[PDB]
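Trainee: Residue numbers (the deposited numbering): 1508 to 1649.
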Amino acid sequence: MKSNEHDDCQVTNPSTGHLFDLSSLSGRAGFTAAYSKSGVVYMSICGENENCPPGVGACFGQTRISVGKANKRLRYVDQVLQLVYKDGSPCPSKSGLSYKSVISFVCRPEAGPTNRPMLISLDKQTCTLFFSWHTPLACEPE
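If you want it as structure tokens, here you go:
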């Protein structure tokens, strides 16, 4: 119950006893981000991403190129949720680093669960994709 961020896709706020559930957001298709010539990405907000070799967390599903392995590692800080899938494909752009996908869950009641983390920016130098999902699921206004 103390540390959940690496265990299950849930966050416990011990100051108000509020559990956040992002674990029910597991799926076969997951959430999809339609993106340019690079392609459309599949994203598992929890678990592992399918339509690509199961065990990735973010992958272009049309080419099955991994851009983050499924490591259930979410981040709860300053009332803004985040989850990261790193070390998918090796990036030969700048340094010998991998491509990683970071999803920033902006706690905003401006969308519902059908909405999804879109790609707002992609730093091709650090080989990092920045997704953002404005969702009240991330922080529930109680």
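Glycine included, C-beta positions come from ideal geometry on N, C-alpha and C.
Give every residue of the same chain whose Cβ lies closer than 7 Å to the Cβ of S1530, excluding the five residues on either side of it in the sequence, and list them in chain order.
Mentor: Taking the first residue of the sequence shown as 1, we reach residue 1530 at position 23. Taken in chain order, the residues that qualify are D1515, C1516, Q1517 and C1553.
Trainee: Quick one: any contact between the stretch 1592-1604 and the stretch 1618-1627, if contact means 3 or more CB pairs under 8 Å?
Mentor: no
Trainee: What are the partner residues of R1571, as DSSP defines its beta bridges?
Mentor: Residue numbering aside, residue 1571 sits at position 64 when the sequence shown is read from its first letter. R1571 pairs with nothing; no bridge assigned.
Trainee: Rounded to a whole number of angstroms, what is the C-alpha to C-alpha distance between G1524 and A1645?
Mentor: Numbered from its first residue, the sequence shown carries residue 1524 at position 17. Numbered from its first residue, the sequence shown carries residue 1645 at position 138. Approximately 15 Å between the Cα atoms of the pair.
Trainee: What's the C-alpha gap between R1580 and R1535?
Mentor: Here residue 1580 is taken as the residue at index 73 of the sequence shown, counted from 1. Here residue 1535 is taken as the residue at index 28 of the sequence shown, counted from 1. Straight-line Cα distance between these residues: approximately 19 Å.
Trainee: Under 8 Å between C-beta atoms, does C1516 make it to chain B?
Mentor: In the structure shown, chain B cannot be found, because there is only a single protein chain.
Trainee: Ordered along the chain, which non-local residues of its own chain (more than five positions away) have a Cβ less than 6 Å from that of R1582?
Mentor: Here residue 1582 corresponds to residue number 75 of the sequence shown, with the count starting at 1. The residues are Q1589.
Trainee: From which residue to which residue does the beta strand (DSSP E) around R1580 run?
Mentor: Start at 1 with the first residue of the sequence shown, and residue 1580 comes out as number 73. Run containing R1580: none; DSSP gives neither H nor E here.
Trainee: Could you give the DSSP three-state label for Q1632: helix, strand or coil?
Mentor: Against the sequence shown, residue 1632 aligns to sequence position 125. Coil.
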